Structures are given as C-alpha cells and as structure tokens.
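Q:
Chains as they are written, first to last, in the deposited numbering: chain T, 1 to 182; chain A, 51 to 100.
1. Rounded to the nearest angstrom, what separates residue 59(A) and residue 53(A) at their Cα positions?
2. With DSSP as the reference, label residue 97(A) as helix, strand or coil.
3. Do the CB positions of residue 93(T) and residue 142(T) come within less than 7 Å of each other?
4. Rounding to the nearest angstrom, what Cα-Cα distance links residue 102(T) and residue 158(T) in this structure?
5. Using only the alpha-carbon positions, how far apart do residue 10(T) and residue 90(T) sit?
6. Look at the alpha carbon of residue 144(T) and the alpha carbon of residue 53(T), and state the distance between them as a whole number of angstroms.
7. Could you name the residues that DSSP lists as bridge partners for residue 106(T)?
8. Where does residue 13(A) fall in DSSP's three states?
9. Cα-Cα, which of 63(T), 58(T), 5(T) and 180(T) is closest to residue 80(T)?
10. What span of residues does the beta strand (DSSP E) with residue 53(T) cover, start to end?
11. Is it the case that the segment 125-135 of chain T contacts the segment 67-79 of chain T, given that we only count it when at least three CB pairs across the two stretches are under 8 Å?
12. Just confirm the distance between the C-beta atoms of residue 65(T) and residue 95(T), as a whole number of angstroms; I'd bet it's less than 8 Å.
13. For residue 22(T), does the three-state DSSP call read helix, strand or coil?
14. Starting from the Cα of residue 32(T), find the closest Cα among 121(T), 117(T) and 180(T) and give me that residue.
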C-alpha cells in the first residue's frame, strides 16, 4: 500500500532538497498535501480522465461509465461487473465515475482491477493509480512543487513525468483492432 | 493473403478469350455432304449424303 506520504517523501528527495534517508518535517509534508490534492482534483474536473456525461436521477440508479452523477438524495452504487449480453466483463482501464451530492464530491477511477478512491486524500490513505509506477508519479508531483523551494527538476527525470501524464492521457495499453482493408 | 486480412481478388480475363472463340466455331456449324467427282453415273451414287 503506497501511502500519500511516500510520494511526498520521494518527491522531495527527487528534487534534492531533503537528503537521502531523512524524512520531511511537519510544515513541509503538510503543504505538499494540499498541492497533491490539487493535481488529483484537476484531473476529474477537466483533464485527461475523459469527457463526462450529465445525468440527474433521484432514484436507486446504478452508475455507468464516465457519468457524473449529481443526485441529491439517492443510493448510487458503482458497478463491479458489467453484463453486455453475457459478455460479463470488468470496466475499461482508466474510466472514471463522479457522484456529487449537495456539497461533497466523490470521484472514482478503475485502474488495474480495483476502484481507486481519490477524494479527501489524507496523509495515510493510499494514492490512486500509483501502482502503475511510483517514481513517475513523484516526478509529476515534484515538477512544480519544487518551485516554492529554490531547486527544480533535472531534465533526465522531468521527461519521465511527462511520460506518465501521457500514459494516462491516451489509454493505449488495451489492445485494439487492426486496419481492415475495407 | 488471409494473414494480412486482405481479400483475394482475381480478374478472370481468360474466360473472355475462350468464350468468344468457341462461339465462332459454335455458330458456323455444318451438316455433311458428298461430292461426286465426275458426273458419269456418280451423282446417282450420292444417296450417301441423304
């Protein structure tokens, strides 16, 4: 379970501001939480997690793919399996679900067989979609978080983070069909 | 060709060259006939073509 504070510890010694083996202090590892929350929250709003579909139902509705639920009082259940004519499949890789009550947003994302949670992301909870790589997610974090300090990231590891942002902005992992010769 | 997912097209341009060449022979057909070589009692023996 890769916690949130493992990224901020890896992110800070990535930009060589804390040394190897020592941990961040209290004021350093609590300003990094508000900016690591901001990058995860700006991916469901309008970013590489795909466009969303509006819906307004006040009933026992179950959510579909890529659908932003804005119900007021209801029971919205995120599906685990989907049966498209006995094609009992799991959902696609990196497709999100938003549920919005009166004032509380709860985003969701399905990355490698598990629904990550990605809201109210505290210092103990696991980071969403960091199982794909750990040292790539700490370079996209520390790319702009290091600017409040003096330092900046070197170019051999800056372009590592721009690969991770493009590896989830394309969803090119799942195999698709060949050209057709029609 | 099936491993490239390609159709296997052919342009059968060798049936055209035979179908119109049999049709020349087939139209100009013939019934047989015997020709008496000298008309001194040889046309009377041309019952053979009948």
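In this text, a Cβ means the ideal position worked out from N, Cα and C, and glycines have one as well.
A: With the structure as the only source:
1. One-based indexing of the second chain puts residue 59(A) at position 9. One-based indexing of the second chain puts residue 53(A) at position 3. One C-alpha to the other measures close to 15 Å.
2. Start at 1 with the first residue of the second chain, and residue 97(A) comes out as number 47. Here residue 97(A) sits in coil by DSSP.
3. By one-based count along the first chain, residue 93(T) stands at place 93. By one-based count along the first chain, residue 142(T) stands at place 142. Not a contact, by the Cβ cut-off of 7 Å.
4. Counting from 1 along the first chain, the entry for residue 102(T) is found at position 102. Counting from 1 along the first chain, the entry for residue 158(T) is found at position 158. Distance from the CA atom of residue 102(T) to the CA atom of residue 158(T), rounded to whole angstroms, is 39 Å.
5. Within the first chain, numbered from 1, the residue matching residue 10(T) stands at position 10. Within the first chain, numbered from 1, the residue matching residue 90(T) stands at position 90. If I take the Cα positions, the gap works out to 32 Å.
6. Within the first chain, residue 144(T) is the residue found at index 144, counting from 1. Within the first chain, residue 53(T) is the residue found at index 53, counting from 1. If I take the Cα positions, the gap works out to 31 Å.
7. As a first step, residue 106(T) must be located in the first chain, where it is residue number 106. Paired residue(s): 99(T).
8. Chain A is shown from 51 up to 100; residue 13(A) falls before or after that span and cannot be answered.
9. As a first step, residue 80(T) must be located in the first chain, where it is residue number 80. In this structure, 63(T) is the residue among 63(T), 58(T), 5(T) and 180(T) with its C-alpha nearest to the C-alpha of residue 80(T).
10. For the purposes of this step, residue 53(T) is identified with residue 53 of the first chain, where counting begins at 1. Per DSSP, the unbroken beta strand (DSSP E) holding residue 53(T) starts and ends at 53-55.
11. At 8 Å Cβ cutoff, the stretches do not touch.
12. Against the first chain, residue 65(T) aligns to sequence position 65. Against the first chain, residue 95(T) aligns to sequence position 95. That pair is a contact at about 5 Å.
13. As a position in the first chain, residue 22(T) is number 22, starting the count at 1. Coil at residue 22(T), not helix or strand.
14. For this step, residue 32(T) is matched to residue 32 along the first chain. The shortest C-alpha separation from residue 32(T) is found at 121(T).
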